[PDB]
Amino acid sequence: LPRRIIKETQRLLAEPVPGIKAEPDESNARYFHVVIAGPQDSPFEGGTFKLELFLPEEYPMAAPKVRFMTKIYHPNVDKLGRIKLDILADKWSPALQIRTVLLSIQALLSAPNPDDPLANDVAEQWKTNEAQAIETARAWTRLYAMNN
Amino acid sequence: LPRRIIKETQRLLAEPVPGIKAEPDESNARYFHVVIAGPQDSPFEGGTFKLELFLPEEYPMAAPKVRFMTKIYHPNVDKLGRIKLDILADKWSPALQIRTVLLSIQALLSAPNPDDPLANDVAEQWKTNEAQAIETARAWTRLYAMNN
Amino acid sequence: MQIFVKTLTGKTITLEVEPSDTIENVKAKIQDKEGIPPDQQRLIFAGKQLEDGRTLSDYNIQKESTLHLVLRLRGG
Amino acid sequence: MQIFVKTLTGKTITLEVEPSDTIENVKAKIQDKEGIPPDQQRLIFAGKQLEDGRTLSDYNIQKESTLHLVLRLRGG
Amino acid sequence: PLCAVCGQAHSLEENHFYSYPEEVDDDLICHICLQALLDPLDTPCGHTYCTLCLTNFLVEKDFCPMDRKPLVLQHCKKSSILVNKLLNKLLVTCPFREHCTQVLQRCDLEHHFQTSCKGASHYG
Amino acid sequence: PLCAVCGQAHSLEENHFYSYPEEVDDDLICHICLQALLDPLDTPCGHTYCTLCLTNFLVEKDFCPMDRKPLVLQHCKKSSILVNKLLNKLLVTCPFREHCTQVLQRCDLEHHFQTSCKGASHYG
Ligand SMILES: [Zn+2]
Ligand SMILES: [Zn+2]
Ligand SMILES: [Zn+2]
Ligand SMILES: [Zn+2]
Ligand SMILES: [Zn+2]
Ligand SMILES: [Zn+2]
């Protein structure tokens, strides 16, 4: 289990990021149970958004795989909870770490860009009706994100 | 008084060199009252050899000027107590410091090279009669180096 | 005042700033420290992506706050 | 055993050696540490210039001793 | 399958493996492997990476993973003597802890094994 | 006759002049001026010197004063970002001690003068 992985993992558990809980998994360590906070001033406010994050066996030459588990009404997330973020694909570097990926996903909840691949008729709703998209997102946050 | 000079001066008074006492002068700081120990296994054994050392106003682009004050029977020292050592002339570098110069002069008492320009009929005595040169040196050490 | 910027690894650093410093000002101060140019820098605070035109005043980033640094991003 | 070598500036560096290490051996160990080749190194000890063929044994340079380093020399 | 230089086990294609009892400065940590630098290569770009870490990256990519600048491995050079020293004098502890219990400077470890190590004498 | 960057007095042809309350590492001390490096130039040789210190030496000599290697100033380059950082984050104290009483990182001093210095505001 490459030493880098281990060092990153400990510099998360020791040095947390606020509103971002990330522990490793017991079954297999290359695999993290992430939980991101619905950010300030976003329609996702006060939501418990659970994520699964996984390190492929070419980490860090290749980027991590990250997927939402909690359903959320957002252009750059899809049906099965995968995300469109360039630091997870187009512009990744071993410079970046787990924590950077997790901070940029948090940033994405505060800046939902309707320029997705087609982001459903959800990005189409965001670009043609921001009012009711903010609303719906606030509903999926309440009705799927409040662990309560 | 260039900062380098100051830093060297303190890294002498704090970090001395054994059998080599070197204080700066009160009248003018560019000017040190040095005292070198007659080394082990040399004919100069147990002599108090006083030196004067002076930093020209192009230190350290140019080397220090060094002169024995105590009279000593040695090829590479002369009548007026000046020394033939390359680190004081031919192969000097600002790499070197006061301490290095002082250690090499100490080294020279333990390695008197009769190859001088001439070194009197003293180098001529060293090369043609080492026995009696060792002797005479031992005498100038006793009869001019024992502060008494 | 002074703020904190958590950089790539985690080695936290401090910046001398005052409330009306723009985020463009802060991203040249992190170029002085970490040798990263302001064009491949994005600053996160409370989950919100801090915009380059706006000030530290505009997000209430007061004394003792900790901004986070990531190496360029684009979502979508 | 171990000895000390006071290098150019004032710094002391420790060397892992044993009594029959030659002065030629010691001058490759100071090349590892300070990046100076053995040909422009001279070692002083008790005022005596330490010769390259002879050992640490030959000058009684025992445990805890401090050799001094100068950057090449020539008298005359 | 145990390594001559560092006393750990790793393949000929992996970096050496040390155990720093004191905290290493982050500016000396290679960005690729989050460890203290080994055999540091400065890039033309101006960054610094472990030799094998950068060479491997450049097997199938071609940029300074730090500012996406195009980077031919060929153009990189060994770092300043200054850098190397700062690294060489970092303290490591002996790999063979349940035998020998010695703290020492990284550079000296290889030799510490051949002179004064009951662990490396015993091998394991 | 007082300097904009460092708050001391020196001529345009002299290095800047800082006051380090904490001990600087010797490997970061330029061999020519026994001070912490400023604007460090790595030589091809592999050594590192302050820009002005080396350029001046090479006005009238032509070698790395460390191993007498022939050295054209032209061939030297600025040091790794690593080096520069290590230096930039060294603590200095404010030159204007009898107005302002501030410790801070070397790089930030120039700006500390324009933002929050009663001494540099007053000038002297
Ligand atoms: Zn190894
Ligand atoms: Zn590495
Ligand atoms: Zn051991
Ligand atoms: Zn200045
Ligand atoms: Zn200098
Ligand atoms: Zn001030």
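Tabulated data for the structure shown
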quantity: Kirkwood-based Rg to Rh ratio, chain B, C-alpha trace; calculated: 0.98
quantity: Rounded FRET efficiency, nearest 0.05, which uses the C-beta distance separating residue B:82 from residue D:4 and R0 of 30 Å; calculated: 0.35
quantity: Chain C - share of DSSP beta bridges that are antiparallel (%, nearest 5); calculated: 80 percent
quantity: Inter-site label distance for residue A:146 and residue D:11 at 7 Å from Cα along Cβ, in nm; calculated: 6.4 nm
quantity: Förster radius 35 Å - calculated FRET efficiency between residue E:69 and residue A:6 (Cβ-Cβ, nearest 0.05); calculated: 0.75
quantity: Neighbourhood net charge (12 Å Cβ-Cβ; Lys/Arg +1, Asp/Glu -1) for residue C:67; calculated: +3
quantity: Shape category assigned to region F:1-77 from the gyration tensor of Cα positions, a/c cut at 1.5; calculated: oblate
quantity: Burial ordering of B:90, F:25, fewest other beta-carbon atoms within 10 Å first; calculated: B:90, F:25
quantity: Computed over chain F: relative contact order in percent, which uses C-alpha pairs under 8 Å that are six or more apart; calculated: 23 percent
quantity: Residue with peak Gaussian network fluctuation, chain B [Cα springs, cutoff 10 Å], from B:107, B:63, B:14; calculated: B:14
quantity: Mean Cα-pair separation over length for region A:1-85, i.e. relative contact order, pairs under 8 Å, 6 or more apart, %; calculated: 16 percent
quantity: Relative frequency of Cα-Cα separations exceeding 12 Å in region C:23-76, percent; calculated: 65 percent
quantity: In sequence order, calculated HN-Hα J values of region F:11-19 (Karplus, 6.51, -1.76, 1.60; Hz; x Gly/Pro); calculated: 6, 4, 8, 10, 5, 6, 9, 10, 9
quantity: Gaussian network model of chain F, Cα within-10 Å springs - most flexible of F:90, F:82, F:38; calculated: F:82
quantity: Percent of beta bridges antiparallel (DSSP, the protein assembly as shown, rounded to nearest 5); calculated: 95 percent
quantity: Within region E:1-43: backbone nitrogen closer than 17 Å to the residue A:57 label point (7 Å, Cα to C-beta); calculated: E:11
quantity: Distance (nanometres) between label positions extended 7 Å along Cα→Cβ at residue C:51 and residue A:71; calculated: 3.3 nm
quantity: In degrees, nearest ten, helix E:51-60 long axis to first principal axis of chain E (Cα); calculated: 40 degrees
quantity: Span from the region A:85-110 Cα centroid across to the region D:1-70 one, whole angstrom; calculated: 53 Å
quantity: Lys, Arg +1 and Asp, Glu -1 on Cβ, resulting dipole of region A:1-114 about Cα centre, debye, nearest 20; calculated: 120 debye
quantity: Whether the protein assembly as shown is rounded, prolate or oblate, judged on the alpha carbon gyration tensor where a/c under 1.5 counts as rounded; calculated: prolate
quantity: Global form of region B:91-148, assessed from the alpha-carbon gyration tensor, a/c cut-off 1.5; calculated: oblate
quantity: Percentage relative contact order, chain B, counting C-alpha pairs under 8 Å, at least six apart; calculated: 22 percent
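A quick note on method: Cβ atoms are made from the backbone with ideal geometry, for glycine too, and the neighbour counts reach across all protein chains shown. Quick note: the coordinates plus some simple rules give every number you see, no bench work behind them.
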